[PDB]
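# Working through the structure, step by step
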Amino acid sequence: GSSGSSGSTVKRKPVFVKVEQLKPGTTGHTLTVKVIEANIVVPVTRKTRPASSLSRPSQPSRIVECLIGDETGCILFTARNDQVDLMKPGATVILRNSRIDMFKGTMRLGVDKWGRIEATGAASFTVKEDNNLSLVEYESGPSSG
C-alpha cells in the first residue's frame, strides 16, 4: 500500500522578468529596461570585445554602453550601432530572448542573434540606478590576476 508523491512548483512571477530577477546561467529573458545613460565603453574599467585582434579592416560597429534596467535594479548592456539607437538615453525598450553573459565574477544583459529589441513605448517606472547588477559580484572569486 501507500505510494508517496510530492510536488508543488510555484514560480510566482509576472509575464515579464525583472533586473533583480536576473542570474548567471540564464538566457532568453523578457523585461522592460529603461535607458538612463549612454556613453562609449571607456578603458580601464570594463573592456572586452577585441581580445587580441587588430589588423584586418572590419566594419564600424559603433558600440556604446548604456545603463538600462527597472525599478528593481540595473545592468550593463551592450548595444550595436543599431541597438544603440534603441538603447538611447531616456528611452524605454524591452529585451526579447535576451541572454545573460557571465562576466568575470559578474554579468550583463545582452541579446543573441535569436533575439531582437522591442522598443516599448515608455517605461512608466523609476529605474533604481543603485542596485546595479553589472557591479555586484557573484561567488567570491578573482578580479584581475
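Residues numbered from 1 in each chain as written, not as in the entry; some residues may be left out. Heavy atoms only, no water.

The deposited coordinates for this entry were obtained by solution NMR.

### Considerations on the environment of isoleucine 40
Note the following rule: Runs of H or I in DSSP of at least four residues are treated as helices and runs of E of at least two as strands, each being numbered from the N terminus. Three labels apply to residues, based on accessible area from a 1.4 Å probe with only protein chains included: buried if under 20% of the type maximum, exposed if over 50%, partly exposed otherwise in between. Note on contacts: a residue pair is in contact if any heavy atoms of the two residues lie within 4.5 Å.
Tracing the backbone shows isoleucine 40 in strand β2 (residues 38–40). On the basis of relative accessibility, which here comes to 60%, the residue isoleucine 40 falls in the exposed class. It is 20 Å that separates the C-alpha atoms of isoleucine 40 and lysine 104, two residues lying 64 residues apart in sequence. In this structure, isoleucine 40 is in contact with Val64 and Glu65, ignoring residues within four places of it in sequence.

### Examining the nonpolar core
What counts, and what does not: Only buried residues count toward a nonpolar core. Its members are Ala, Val, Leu, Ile, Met, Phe, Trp, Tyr and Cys residues joined through side-chain atoms within 4.5 Å.
Among the nonpolar cores identified, the biggest contains 20 residues, and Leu22, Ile68, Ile75, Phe77, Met87 and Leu109 are the most heavily contacted of them. For this core, the secondary-structure elements that each account for two or more residues are β1 (29–34), β3 (64–69), β4 (74–79), β5 (92–103) and β6 (106–111). When neighbours within four sequence positions are excluded, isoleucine 68 is seen to be in contact with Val33, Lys34, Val35, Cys74, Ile75, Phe77, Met87 and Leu109. Core analysis: the second largest hydrophobic core is formed by five residues, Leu67, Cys74, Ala123 and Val127 among them.

### What to know about the pattern of salt bridges
Proximity of charged atoms lets side chains of opposite charge pair with each other. Worth spelling out the cut-off: Here, a salt bridge means any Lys or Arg side-chain nitrogen found within 4 Å of an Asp or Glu carboxyl oxygen.
This model, assessed by the stated rule, comprises three salt bridges. Residues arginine 99 and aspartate 112 are paired through a salt bridge, measuring 3.8 Å at the closest nitrogen-oxygen approach. Here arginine 99, found in strand β5, pairs with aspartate 112, found in the segment after β6; they are 13 residues apart in sequence, far enough to count as distant. Within this structure, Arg99, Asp101 and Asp112 form a network of salt bridges that share partners.

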